[PDB]
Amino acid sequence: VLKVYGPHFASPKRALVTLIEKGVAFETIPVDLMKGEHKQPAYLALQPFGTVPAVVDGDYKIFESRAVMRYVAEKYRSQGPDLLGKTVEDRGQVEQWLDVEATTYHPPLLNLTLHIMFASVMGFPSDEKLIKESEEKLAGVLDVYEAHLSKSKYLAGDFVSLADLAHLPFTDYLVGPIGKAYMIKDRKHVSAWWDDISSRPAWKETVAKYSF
């Protein structure tokens, strides 16, 4: 009966894949960003910043895609894989790389998404300069990942976690519609790691059900 708003967009898929990994029953509710449903009063009561996702769970409301990941992972900690790790220290590392995704990986990748995939939304002429800068910044981030993932199977250690999962929705864009698969492929450890998490059954199901 848990409900996810806006499943066709990328951020909500962070929540979707966590839910599916955890075997949690849920439903989705469409939100029309193009016509501005997300900026109208009905949706602003759930998410006051007017962005997707938002989750409604019984009496409970929560937004911010990674906060939703953490909440699902904690509420359902005792079933499925432990996406938060086993110890406090393990969880520190999950938190660490989740924050890296939010503050450091995602922002330039967001710029690439917006200006290549949704250029119309950003207006013309397109910012070719910001596109170059964002590609450069993301490559630097990826260089760190390549070194790191050569010493660790997943981001937070030897277990898949929220931190890995958080990279799924927009990196899927990067290697597909954005047209920059080489940024992943040219970095061997990253590429094996990418191949691992994006072929996980939960992610395959997320994509089958909540695209287009």
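We number the residues from 1 along the sequence you see.
- Relative to its counterpart among 43-51 and 182-190, 182-190 has the higher mean temperature factor, C-alpha atoms as listed in the PDB entry.
- Judged by mean Cα B factor in the deposited record, 125-133 ranks above the other of 125-133 and 94-102.
- Within the selection 66, 153, 61, 167, the deposited Cα B-factor values reach their highest point at 153.
- In this PDB entry, residue 57 carries a Cα temperature factor that places it within the middle third of its chain's modelled residues.
- Ranked against the other modelled residues of its chain, the C-alpha B-factor of residue 144 as given in the entry falls in the middle third.
- Sort the chain's modelled residues by C-alpha temperature factor and residue 160 lands in the highest third, per the entry.
- Residue 5: CA B factor in the lowest third of modelled residues in this chain (values from the PDB entry).
- The deposited CA B-factor of residue 11 belongs to the lowest third of values across its chain.
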